[PDB]
Every structure is written in C-alpha cells, then in structure tokens.
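Undergrad: Just the starting chains for now, same placement as in the complex:
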Amino acid sequence: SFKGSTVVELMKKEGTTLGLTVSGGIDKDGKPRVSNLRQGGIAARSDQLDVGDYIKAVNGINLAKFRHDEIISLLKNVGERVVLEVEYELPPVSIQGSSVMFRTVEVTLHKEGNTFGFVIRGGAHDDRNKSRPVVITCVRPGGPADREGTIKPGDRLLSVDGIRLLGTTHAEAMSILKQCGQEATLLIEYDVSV
C-alpha cells in the first residue's frame, strides 16, 4: 500500500511517561506500531498520532531492525525531545456519487494546549499515489473540536481562517494550524447521503 508520512515531536516531562504504547519489532509479528494512546497523555493530546500508525524512526534512528525490547529501551532513554517519523495508511478519497453529496460548514474553535483536538491526515504530494485531501481522521473526546460538536472523523479540512488547503502538503497544513492564533474559523467539507 502507499503510505503517508509525518514527523511528530513530543516533549517528555521529567516525572512521566508519554502515554504511548508500542507493539512490534523484528522478533515480533508486526513492524513497530502505535497500539494504544493513553487517555489524556502527552501522545494522545498531541493530536498528531493515531492507533495503527507505524513508527519508522525515533530521533533519526530507524526502528525496523531492532527487537521489541530494544525499541522500548530507546524510547525510555530519550531526552525531553522525542521526534517520531510516522507512516500511515492514506485516508480513502470520498467521491461524490449518485447517493453521496458534499456540503460545507464553517466551524469556529478555540485552542486548548495549543491544539484544536483533531488529527489531520493526507495532503498534497508530488507522487499522486500519495496525494489526498486533508482529512480529519480523529476527534479527541473532551478536546475543543469534540466539545463544539460539528466536526466528525472523515470530514475534510478545506481552509483555516480563509487560507485554503488545496495544494498544501500535510506538513504545510499542520503549520497553518500551528501558526493560527488561539482562535480559528475552519471550513469543513462532509458527506451527505442522497
């Protein structure tokens, strides 16, 4: 399958874990993968990670040739800055059909912990095999997007304060959301039956 990739930076706190559960390794059935994200943890609250994501590398160290326990030792001994290179299954492209119509709605949200409480996946890419609309794949319960109640997994992010996301990469779309201010109006596209 064609994969999307993304870089996630997590700041580790002196007396705590990341709330990130990792499965896999050369001695295991699967490759290194996010298998759980602890509720309210650093990893969950980043809004950049999802269960099922593959971890290709931590701090520029490729994980694939490590045994499971070696990957864990690596993660437990990282300093405050953890840099995960992540690969993920691309979001399916929703297409307008006879029974599916697209509509839009403006959603205003305020930040909390510098995030809007949703994960985006996809984005423009030179390799058209990897190129996708920017899809909101997860909405963290209790977070801003969840509280406001409009945005749903599968919805597309079209613009952020009138800045349109067409042609923008995943990294670019993330920066637009980061360099956003504490409030933002987002344009959301979604599926309607018939």
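TA: Now that the structure is in, tell me what you want to look at. Residues are numbered from 1 along each chain as shown, chains lettered A, B, ... in the order given.
Undergrad: ok, the spatially most central residue of chain A - contacts?
TA: Nearest residue to the geometric centre of chain A (C-alpha atoms, centre = their mean): residue A:48, 3.5 Å. Residues in contact with residue A:48 (C-beta atoms under 8 Å, 6 or more residues apart in numbering) are A:6, A:8, A:86, A:119, A:174. Any C-beta I mention is one placed from the backbone N, CA and C, and that applies to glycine too.
Undergrad: what do you get if the cut-off is 6 Å, keeping everything else the same?
TA: By C-beta atoms under 6 Å, 6 or more residues apart in numbering, the contact list for residue A:48 reads residue A:8.
Undergrad: Where does it sit: helix, strand or coil?
TA: Secondary structure state of residue A:48, per DSSP: H, G, I helix; E, B strand; the rest coil, is coil.
Undergrad: Equivalent analysis for residue A:138, please.
TA: At residue A:138, secondary structure determined by three-state DSSP is strand.
Undergrad: Can you name the residues that contact the closest residue to it other than its chain neighbours?
TA: Once flanking residues are discounted, residue A:138 sits nearest to residue A:119: 4.1 Å by C-beta to C-beta, 6 or more residues apart in numbering. Applying C-beta under 6 Å, 6+ apart to residue A:119 gives the contacts A:47, A:50, A:137-138.
Undergrad: Tell me the bridge partners for the nearest residue to residue A:75 once chain neighbours are set aside.
TA: The spatially closest residue to residue A:75, leaving aside those adjacent along the chain, is residue A:58, at 6.3 Å (C-beta to C-beta, 6+ apart). On the basis of DSSP bridges, residue A:58 is bridged to residue A:61, residue A:84.
Undergrad: okay, chain B goes in next:
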Amino acid sequence: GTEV
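TA: The block that follows adds chain B to the chains above:
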C-alpha cells in the same frame, strides 16, 4: 505492546 509496551507503554512508554
């Protein structure tokens, strides 16, 4: 898997 193992939690970190």
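Undergrad: Take the nearest residue to residue A:75 again, chain B included.
TA: residue B:4 (4.1 Å; C-beta to C-beta, 6 or more residues apart in numbering or on different chains).
Undergrad: got it, and residue A:63?
TA: Distance criterion C-beta to C-beta, 6+ apart; nearest residue to residue A:63, sequence neighbours excluded, is residue A:32 at 4.4 Å.
Undergrad: got it, and residue A:47?
TA: Excluding its sequence neighbours, the residue lying closest to residue A:47 (C-beta to C-beta, 6+ apart) is residue A:115, at 4.5 Å.
Undergrad: Just give me the neighbour total for residue A:161.
TA: 14 (other C-beta atoms under 10 Å in any protein chain shown).
Undergrad: helix or strand for the residue located most distally from the centre of chain A, which one?
TA: Within chain A, the residue lying farthest from the chain centre (C-alpha atoms, centre = their mean) is residue A:98, at 30.7 Å. In the assignment (DSSP states H and E), residue A:98 maps to no helix and no strand.
Undergrad: residue in chain A nearest to chain B?
TA: residue A:23 (3.2 Å; C-beta to the nearest C-beta).
Undergrad: The closest residue to that residue other than its chain neighbours - how many residues pack around it?
TA: Closest residue to residue A:23 apart from its sequence neighbours, by C-beta to C-beta, 6+ apart: residue B:1 at 3.2 Å. Look at residue B:1: counted by other C-beta under 10 Å, it has 19 neighbours.
Undergrad: cool, residue A:141 as well?
TA: Counted with other C-beta under 10 Å, residue A:141 comes out at 12.
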